[PDB]
Amino acid sequence: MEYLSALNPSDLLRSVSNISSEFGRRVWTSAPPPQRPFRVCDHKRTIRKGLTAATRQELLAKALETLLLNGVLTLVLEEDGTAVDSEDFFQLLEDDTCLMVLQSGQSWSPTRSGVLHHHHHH
């Protein structure tokens, strides 16, 4: 009927059409933050605890006294590699849970557990 191929069934029937519809459905504007299970992790693996906490500004005091009590400490984030010392911390990154507290004069270390080249022979 045709020349070579016009619209055969067995050829490219493996696409993924998931263009669903969504645009805000349960957005809440309560003043106090809702209790959410946040996961906090120390620099490499010294301390790892994840509990539900609800705090706006005082929430920062937790990351500090949680491991060590200090009056002034630099808050850094290995997620992107940036240093912060004000409430802008969680506001400088997308919604996520990351916490690190150390003294100044310290850079980020190499931390990756994906598929480096450590394995290849067998």
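Residues numbered from 1 in each chain as written, not as in the entry; some residues may be left out. Heavy atoms only, no water.

Looking at the entry header, you'll see solution NMR listed as the method.

Of all the positions in helix α1 (residues 59-67), only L59, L60, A63 and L64 are classed as buried. Mapping the buried residues of α1 onto a view down its axis gives an arc of 160°, with all of them on the same face. Buried residues belonging to α1 abut β3 (74-77), α2 (88-92) and β5 (101-102). (Buried < 20%, exposed > 50% of the residue type's maximum accessible area, 1.4 Å probe, protein only. Helix = DSSP H or I, 4+ residues; strand = E, 2+ residues; numbered from the N terminus. Arc of directions from axis to C-beta. Contact = heavy atoms within 4.5 Å.)

It is worth spelling out a negative patch on the surface at this point. Judged by side-chain charge, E79, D80, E94 and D95 come together as a negatively charged surface patch. Relative to the assigned elements, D95 resides in the loop between α2 and β5. Under the relative-accessibility criterion, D95 is labelled exposed at 71%. (Patch = residues over 30% accessible without salt bridge, like charges linked within 9 Å, V, L, I, M, F, W, Y side chains within 5 Å. Areas by Shrake-Rupley, 256 points an atom, 1.4 Å probe, with all protein chains shown as cover. Salt bridge = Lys/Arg side-chain N within 4 Å of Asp/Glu carboxyl O. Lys, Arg positive; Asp, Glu negative; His and termini not counted. Charge placed at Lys NZ, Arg CZ, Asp CG, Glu CD.)

Let us now look at the nonpolar core. Core analysis: the biggest nonpolar cluster contains eight residues, these being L60, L64, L73, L75, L77, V84, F89 and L93. When residues of this core are traced back to their parent elements, those giving at least two are α1 and β3. (Core = buried A, V, L, I, M, F, W, Y, C linked by side-chain atoms within 4.5 Å.)

Now for the pairing of β3. Pairing of β3 with β5, which is carried by two bridges, proceeds in the antiparallel orientation. Paired with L75 across the two strands is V101, which belongs to β5. Bridge analysis of β3 against strand β4 (residues 82-84) gives three bridges, and the strand direction is antiparallel. Paired with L77 across the bridge in β4 is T82. (Pairing = 2+ DSSP bridges.)

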